[PDB]
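These numbers come from the heavy atoms of this one structure, side chains and all, not from hydrogens, waters or symmetry mates. All chains are named by letter (A, B, ...) in the order of the sequence lines, taking the proteins before the strands, and each is independently numbered beginning at 1.
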Amino acid sequence: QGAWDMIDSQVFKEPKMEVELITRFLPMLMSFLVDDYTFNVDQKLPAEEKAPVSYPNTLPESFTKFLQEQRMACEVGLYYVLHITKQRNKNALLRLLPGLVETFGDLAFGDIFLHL
Amino acid sequence: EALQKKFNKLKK
């Protein structure tokens, strides 16, 4: 991802990663996914009474902070959005659709993610 | 920790 940084100035050192990507962002993706499969198993389990609880559609905003402050977290979140769109789960989709509005380097608004 | 409790909640 830092390739243009290596051509702009001759940078031959490795770019560094984020810790909260490892401990907050990607575990937040995995947070949303395992709750997703939990309400799926609950739907596939009988005996749900009137007025069931929807999937939590609240958004942890440190996730969006990493989207809008880290290009790597940005683009991997974009491809996560595309993958869940291929899975087409409306609940998580509109859960994470806020916060994608403000994202790093307009990557959510770039050619790649928009085309996909 | 949240993740592991959601894991164990899905097992149930």
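In this structure, A:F113 CZ and A:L100 CG are separated by 6.0 Å, a value rounded to the nearest 0.5 Å. Here A:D8 contributes atom CG and A:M6 contributes atom CE; the two are 12.0 Å apart, rounded to the nearest 0.5 Å.
Looking at every heavy atom in both residues, A:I22 comes nearest to A:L26 through CA-CD1, 4.3 Å.
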Using distance only, find each side-chain donor-acceptor pair of residues 78-94 of chain A under 3.5 Å and give its atom names and separation, not counting sequence neighbours.
unit_1	atom_1	unit_2	atom_2	d
A:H83	NE2	A:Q87	OE1	2.9
A:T85	OG1	A:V81	O	2.4

Pairs under 3.5 angstrom only: tabulate donor-acceptor contacts from the side chains of residues 60-76 of chain A to other protein residues two or more places apart or in another chain.
unit_1	atom_1	unit_2	atom_2	d
A:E61	OE1	A:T64	OG1	2.9
A:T64	OG1	A:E61	O	2.7

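Applying the side-chain contact (heavy atoms from CB on, under 4.5 Å) rule to B:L3 yields the partners A:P27, A:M30, A:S31, B:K6; only residues at least two apart in sequence or on another chain are considered.
Residues of residues 36-57 of chain A lying under 4.5 angstrom from chain B, judged on non-hydrogen atoms, are A:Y37, A:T38, A:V41 in numerical order.
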